[PDB]
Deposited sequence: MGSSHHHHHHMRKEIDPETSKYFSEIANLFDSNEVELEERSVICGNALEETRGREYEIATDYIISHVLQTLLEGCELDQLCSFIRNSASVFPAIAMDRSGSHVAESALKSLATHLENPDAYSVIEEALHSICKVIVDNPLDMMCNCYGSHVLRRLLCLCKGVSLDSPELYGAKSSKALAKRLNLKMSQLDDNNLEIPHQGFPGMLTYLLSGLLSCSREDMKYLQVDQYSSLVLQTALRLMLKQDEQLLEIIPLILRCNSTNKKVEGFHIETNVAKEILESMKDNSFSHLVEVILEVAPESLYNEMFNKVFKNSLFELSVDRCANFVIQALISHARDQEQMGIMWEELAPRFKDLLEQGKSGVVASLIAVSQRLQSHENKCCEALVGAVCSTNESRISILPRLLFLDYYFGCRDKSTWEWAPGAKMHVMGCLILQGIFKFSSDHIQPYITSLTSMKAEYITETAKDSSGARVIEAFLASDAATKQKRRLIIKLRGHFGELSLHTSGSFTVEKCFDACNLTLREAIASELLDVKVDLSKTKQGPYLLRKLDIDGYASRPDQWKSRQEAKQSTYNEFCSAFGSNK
């Protein structure tokens, strides 16, 4: 990097910080990329100029992008594993992806992908394990699949969407290039594969590839035995022992979670029996492995498996809540619903784990709303509430699930919730997790008289509730469930705060759906229209 090179790329950078329209902008972007020929590694890895080279790549036309990828392909793994050049490699890929929807570019993108996949597949294992290169590889696998849109779920992150699925709450791409690239990533010795399993960044790469092969059974049946080192699909006794001992490892545990999420039926069952079938509780108490069990539970196929999971885990619900593993319980409860097995056994086991004595069972709701305060407190026989405290996210999720069982199985839950005193019920609705418990109860098949009894204890608080963004949903769901007398009561309370309510994000919608303006001006006509529903 000489001063004429720095000067020139600085001067291009400063020209775009204006005076130059987009049609000229992209021809300048390409004439400048030609100034990188023979210097691609030096420019792309420079801590300053690499940022300009990103701008050029995201601003040039297809022919010059592909020319840059063809010229730098022999140094592309080195660029991709540099802390600055990896954003350059990803910028080349993001820019390539913008031409996906152009039918006239299919073979020109494929040729570019091929230059890249060829140089990577020739030597992949340090790029897979490199903290920068594994981001480039994850993006590259997505592009070969025709996904151009960053999904934190594909790149390995948590979200609320995956949590819903676990709890029950498209471009053709370049198929042969995805298969070719991924065969290159997995064609190493079984001994190399054993350390890919437990390295953070190669695990993240294989997670992305697995998620992209979702529902490609013919391919998933070739890939997963390779990743698990066991080449009908069969896991031998010693391989199953090795899989099981790596299962508490941070990186591997994330990988088996995704294997369980995409595994075909034949392969799920073999892993259930040969790997997990008598270690479910021991894995459920591990920092890392318990999420594998959550993934195992969520994807069970038949009722025989439910019974096995029930036997090993349900006597141990209390341990799982005590030891911070509420998500294992939540997953077991949620799948008994979909498999239609052990529903009542699951509801009764959860009560028995939170309430030892017959007397304490009226308190199942508060103790589950505040799971961590109840199990964490000094004296449990005199624990009642946690005033002002934020309620427990997973406790409340468990309860959202509980209230989708038939009412026959959840009577201790309906009685406990509907008999909480008004101060506790209003506190629950004002809490962003607690309002979801209430709303799940309002949508349950509990009786109307039982729903109305809870709604009536909220009287005097619908105004304050409506101002909360979250509480505004509870007000509406209560209103819908009510008779004319309480509909008119809620309207009066919302009417006393119409000024504040209109100045909030959800206020306008709430004043419209309940028609609070028409209640104030023409109360006779509002009562008539409300009675017809």
Hey, which stretches of the deposited sequence didn't make it into the model? 1 to 14, 33, 185 to 196, 259 to 265, 568 to 582
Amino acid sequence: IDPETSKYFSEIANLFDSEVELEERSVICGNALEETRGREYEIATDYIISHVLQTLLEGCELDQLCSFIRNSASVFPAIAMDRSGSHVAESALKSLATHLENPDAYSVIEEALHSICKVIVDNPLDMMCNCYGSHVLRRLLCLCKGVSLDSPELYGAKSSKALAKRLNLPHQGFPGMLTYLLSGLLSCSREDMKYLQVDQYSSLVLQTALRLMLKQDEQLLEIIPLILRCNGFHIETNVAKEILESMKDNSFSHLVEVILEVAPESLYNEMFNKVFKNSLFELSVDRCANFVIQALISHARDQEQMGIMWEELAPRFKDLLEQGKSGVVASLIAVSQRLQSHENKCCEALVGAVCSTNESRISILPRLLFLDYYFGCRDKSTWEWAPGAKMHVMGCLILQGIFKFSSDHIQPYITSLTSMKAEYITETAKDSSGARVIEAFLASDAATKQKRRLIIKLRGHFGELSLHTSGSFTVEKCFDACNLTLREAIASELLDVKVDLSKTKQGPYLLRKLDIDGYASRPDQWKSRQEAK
From here on, numbers count along this sequence of modelled residues.
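So that the term is clear: the rigid core is the largest set of C-alpha atoms that superpose within 1.5 Å between two forms.
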In 4 other deposited structures of this protein, superposed by the rigid core, which stretch departs further from the shown form in CA positions, 171 to 179 or 75 to 83? 171 to 179
To spell it out: superpose each other structure in 4 other deposited structures of this protein onto this one by the rigid core, compute Cα RMS over structures and residues for 116 to 124 and for 101 to 109. Which is larger? 101 to 109
Mean temperature factor over C-alpha atoms, higher-scoring stretch between 175 to 183 and 420 to 428: 420 to 428
For the stretches 244 to 252 and 307 to 315, which has the higher mean C-alpha B-factor as given in the deposited record? 307 to 315
Highest recorded C-alpha temperature factor, please, choosing from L494, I48, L53, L65. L494
Looking at the C-alpha B-factor values in the deposited entry, which of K404, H461, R166, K118 comes out highest? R166
What third of the chain does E101 rank in for C-alpha temperature factor, lowest, middle or highest? highest
Name the third of the chain's ranked CA B-factors that contains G38, choosing lowest, middle or highest. lowest
What third of the chain, by the recorded C-alpha B-factor, contains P225? middle
Within this chain, which third does the Cα B-factor at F370 fall in: lowest, middle or highest? middle
Ranked by Cα temperature factor within the chain, is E111 in the lowest third, the middle third or the highest third? middle
